[PDB]
């Protein structure tokens, strides 16, 4: 499995990828991922049990989630690998990512409805079932009201942070994990969710297929941070209440630890790192 920059995919690779997403949607398997992710979005709190988000396990959790997702896609089409979206470079609504032969464009002004591409509600192929409001159609407001995606210099400022994470292991932390996630500082991951808008900015964000490409790039940035700081380990390393330590298992799988997920190369490689 080789995860490529989305900007480098061929027309053929895009077709196979979107056909696999549409089949995974029809099977019901797609919505199971949305349900699981929504469960952790609602469940994870700063003061309580925190696993998928606002916690040191944000990174290995999403790594494992994406591996699961990509294995489900490969059961539809074994040639497919999740691509990544370098939003520092492909940073406008005019990027090839948002063409009709890939993810389709932004939402129309009236109701935010996506009107083109494979995921537009008019296709009948992308009913939004796992929802927080009555709307059954994919919505986006790409860069709405002049929102800007992070720059390369802003990404580099977070990659320079050598400490993986810090007590109190939540939205208040300094260190790489929380600055990458974006609850403190220049704000990388959170701000990108907001920039896409529509469901991607909500607690059912995996309804937008771009969710996977954003998280594949966040995952790649974790790999790049490890290359910059090879001696920086995952922390914490034991006995932290409500937090997944290095050698503890993560819900929902209960059979994998952060330690088992630090090296991505057992599962996939990148076109380039």
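Numbering follows the first chain given and starts at 1.
Here 233-241 and 219-227 are compared by their mean Cα B-factor, and 233-241 comes out higher. Note on 80-88 vs 97-105: mean CA B-factor is higher in 97-105. Ranking 39, 66, 213, 59 by Cα temperature factor from the entry places 39 first. In the deposited coordinates, the residue among 197, 175, 124, 182 with the greatest CA B-factor is 124.
In the PDB entry, residue 132 places in the highest third of its chain by CA B-factor. Among the modelled residues of its chain, residue 75 has a C-alpha B-factor that falls in the middle third according to the deposited record.
In the deposited entry, the Cα temperature factor of residue 148 places it in the highest third of its chain's modelled residues. Per-chain ranking of the deposited C-alpha B factor places residue 55 in the lowest third. Sorting the modelled residues of the chain by their CA temperature factor places residue 155 in the lowest third.
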